[PDB]
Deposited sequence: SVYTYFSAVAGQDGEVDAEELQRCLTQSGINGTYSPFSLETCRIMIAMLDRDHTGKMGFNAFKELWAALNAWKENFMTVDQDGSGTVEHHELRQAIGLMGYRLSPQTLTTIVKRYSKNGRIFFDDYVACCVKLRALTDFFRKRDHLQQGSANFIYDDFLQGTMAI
């Protein structure tokens, strides 16, 4: 199991989380997650703000990763290590997001390398979308799709990811 590994590499920081996930087998034959991707995974669930991740938070991360991996496999042709713009927009839609064509283009371009999105970058994209949406929801008091932010707070929420 991976829970056993979590306790092995072990709370954990980005470096430890990286070794733990690589050891878990979650990325299959794809390259291991980068340190930066693991750092934002931690930032996404760092409710207590410590720069580390505990077991309960890891369980939630694990569930999210497998959910995103299933989406990746569904949209990925021939299971290659990368997906392209069309497939990533499809995956973003499968996650429940309803973004405009221009925003989707901006996102797909940001995570593309020679027009393709590697599994590591795909997950980093999913993590950031969720993390940024979580912050937005904290200020969208009427949950109407719009929110006012005071500059200092805006930076705290976005710089934390």
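> Give the ranges of the deposited sequence, numbered from 1, for which the structure holds no C-alpha coordinates, in sequence order.
Missing C-alpha atoms (numbering from 1) occur across the range 11 to 14 alone.
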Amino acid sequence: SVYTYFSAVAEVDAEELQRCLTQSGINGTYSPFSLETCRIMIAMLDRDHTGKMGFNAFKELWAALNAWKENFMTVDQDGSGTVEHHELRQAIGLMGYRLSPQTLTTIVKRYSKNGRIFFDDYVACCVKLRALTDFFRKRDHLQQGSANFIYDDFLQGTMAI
From here on, numbers count along this sequence of modelled residues.
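> Taking only the CA atoms, which stretch has the higher mean B-factor in the record, 91 to 99 or 113 to 121?
Result of the comparison: 113 to 121.
> Return whichever of 131 to 139 and 34 to 42 has the greater mean Cα B factor according to the PDB record.
The deposited B-factors put 34 to 42 ahead on the C-alpha mean.
> Which has the highest CA B-factor per the PDB entry: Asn56, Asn66, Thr29, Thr105?
It is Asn56.
> State the tercile, meaning the lowest, middle or highest third, of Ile161 with respect to the CA B-factors recorded for its chain.
CA B-factor rank for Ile161: middle third.
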